[PDB]
């Protein structure tokens, strides 16, 4: 009773034996599927640890060995003495890559083995935290030739508060409410904008103002840090044939760096471990610029394209959306900033599924997030059945610290 999985474009059939090792539970039952939902002491800690150590010593082709049982013994002992334990640096690097490998909504996982892991577990203050983060952005950005990286700040521990980054990403544009009641800038960031302001930030008045970082050291209020402007690489948006497009004044930033998730490794939790890769072009063109509740530029673009916005059957929305994505891809290519289109991304993810089926006998994947938000059935992932389940190590959502 392993789930049969078929690709309907090709006829391929595989069975997902890895789903049976699903170490935690999701929102569905045989009664009802909730898959489309966005948001779905020593004893428990010890069994998560053993399982991880077992994964680690499996990875280095040394399972059941002297060093393996030694480490198992050491951890049980350390959990007894201290209520927790510390990862070796090599185990941390393995745990970070596994968390990415296990991330079911990530279409970029072909890259999972090429992750740069910065060990900031010795961080002591928000000021030091800032320095680490500035170094992360600099290395990952690499002048436009982007590299995947994660920085791990100290784990959660009894008796002390968490390191937390309040910003959902290291680079975000501000969202300012208006007299029209409207939002100027990115409506997704209204809340964090208001927090920065009341923590002493002097707001701008533009549409693409980079937000400061609110960094929280254990048992301190958050501290405001401005990003040096020369650290935040940005791409002005132009279209290769639509010359008035450059006159919209649109821009986006190079580095997508998610900073508000919790990294979990062997029962240990790291509430602050921001990670970054590079953008797939629909994230910018379709979601960030075209969503009605984001920058919502679609109608303004279609009107300038001289399209008939009076009826839906002319597909003015689809035509304007495609050209916005073309503009994104062309602009990042022009600027020499890494970018991947959804055709290339989904093709590599299909190679990733093949690799994972041989390696682990399956691959956790969230169809609704893996299939891009435009041209879905034109990509190979559309016709591929997928099994969604939760493996550890893992990135998890966590509540906002405020």
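Residue numbers count along the first chain shown, from 1. Take the two forms, superpose them, and find the largest set of C-alpha atoms that agree within 1.5 Å; that set is the rigid core.
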Of the two stretches 199 to 207 and 275 to 283, CA positions deviate more in 8 other deposited structures of this protein after rigid core alignment for 199 to 207
So if we fit everything on the core, which stretch drifts more in 8 other deposited structures of this protein, 118 to 126 or 72 to 80, C-alphas only?
72 to 80
What lies unmodelled of the deposited sequence between residue 361 and residue 362 amounts to none
If you average the Cα B factors in the entry, which is higher, 186 to 194 or 281 to 289?
186 to 194
Between 68 to 76 and 111 to 119 (mean CA B-factor, as deposited), the higher:
68 to 76
Could you check 319, 160, 88, 239 and tell me which one carries the biggest Cα B-factor in the deposited entry?
160
Just grab whichever of 323, 234, 269, 230 has the top CA B-factor as deposited.
230
Using the B-factor values recorded in the entry, state whether the Cα atom of residue 201 falls in the lowest, middle or highest third among the modelled residues of its chain.
highest
Consider only the C-alpha atoms of the modelled residues in this chain, order them by B-factor as the entry records it, and name the third containing residue 84: lowest, middle or highest.
highest
For residue 342, does the deposited CA B-factor place it in the lowest, middle or highest third of the chain?
lowest
Would you mind ranking residue 11 by its C-alpha B-factor against the rest of the chain and naming the third, lowest, middle or highest?
highest
So, residue 44's CA B-factor, relative to its chain, sits in which third? The highest
